[PDB]
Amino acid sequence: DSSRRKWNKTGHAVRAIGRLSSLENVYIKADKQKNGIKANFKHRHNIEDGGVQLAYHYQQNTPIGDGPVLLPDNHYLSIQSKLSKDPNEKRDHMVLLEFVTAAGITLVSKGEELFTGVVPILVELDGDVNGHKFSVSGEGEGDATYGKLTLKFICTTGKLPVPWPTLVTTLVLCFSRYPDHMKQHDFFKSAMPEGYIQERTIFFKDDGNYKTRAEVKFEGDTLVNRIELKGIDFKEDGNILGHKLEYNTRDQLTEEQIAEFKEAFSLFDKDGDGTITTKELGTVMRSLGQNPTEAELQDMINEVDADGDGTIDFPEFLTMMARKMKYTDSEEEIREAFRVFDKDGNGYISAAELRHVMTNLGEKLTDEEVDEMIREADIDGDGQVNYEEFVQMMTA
């Protein structure tokens, strides 16, 4: 509870740099050739018994009508999803709560007027994955003022043959909250009421892919999303057809954990003003042996900068860190963190390697306290920290 403390804070600072170096959002760009947009993003699915299944999405949107649309400057959407079960529902089902917000641009079409209140939604999907066919129906509502969606889905053909989480992205970005300074970048609402075509290819790493085509348009008062999905090349006992994905990634976010995050926060926020600047982030990254440019520091901040002020405020930090504990890191990401300590790449963090990190981070730590830290993590007693020991110390 003091060697452990030194691991938690140092670990969380390396984790924060790993988040700030990653691309977790939905990246939107103009596609003038199709009078629409393109998007790309990496989605994480936690594997129930440990690890993560990545799903790489490519996306295109094209207007159904000929009316004028808004072609955006580059920006991203930040999406938080919560999946649950209706305790009264006997059918194979998913309850989905989503918040969708536009950001990434530092400090109103006629279609936007259709979204000022609560709008009912209907969703219909026909799928075929490796010849396993299915249908999904969904219903609920969207409130774009807040970016909020509540949807319940039923598998109307009986048993869903893929995990529910793998259909979330497929099963209405017209409900995004765009801030006042980004209204001209909201392609989705500008296409309404006639609507847009949304097409994706979704590559499940080390597995098969989904292809999707959807029509998103008003049908009277209701926003309808009608989809066809085709999956190919899935492995019979991979994560998808094997049902090895976690359903419900719980927001179980303790007070001990927030406090840990604040200790790592304050390692960056060295003037104690409650925000991290580019100068502050760069100081810590240099001390860890990295050498980012000003432009890279600005792009790292912009990835988690919800208010567009160019700094990571305390609450923006707590949000980014919560999400980093909710979804599992890839092997590549955990090795990268490991390498910050394992300087010589021999697979073992030595007392000398850890002393070097700790005293570069400005923590004054004796011979004796360094040994205490190794001892805290050193399961097999060899006096070093190997990869699997590092993983144990890093996990909650």
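Heads up: residue numbers just count along the shown sequence, starting at 1.
Deposited sequence between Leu171 and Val172: 1 to 3 residues lack coordinates. According to the PDB entry, the deposited sequence contains 10 or more residues between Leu107 and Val108 that lack coordinates. Mean C-alpha B-factor is higher over 257-265 than over the other stretch, the pair under comparison being 257-265 and 129-137.
Stretch comparison (220-228 versus 284-292) by mean CA B-factor in the PDB entry places 284-292 on top.
Based on the entry's C-alpha B-factors, the most elevated value among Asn35, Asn40, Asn360, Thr328 belongs to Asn360. When all modelled residues of the chain are sorted by CA temperature factor, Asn239 is found within the middle third. Looking at the C-alpha B-factors along this chain, the one for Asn209 belongs to the lowest third. Residue-level temperature factors show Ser176 in the lowest third of its chain, judged at the C-alpha atom. Looking at the C-alpha B-factors along this chain, the one for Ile28 belongs to the lowest third. Ranked by C-alpha B-factor against the other modelled residues of its chain, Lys148 falls in the lowest third.
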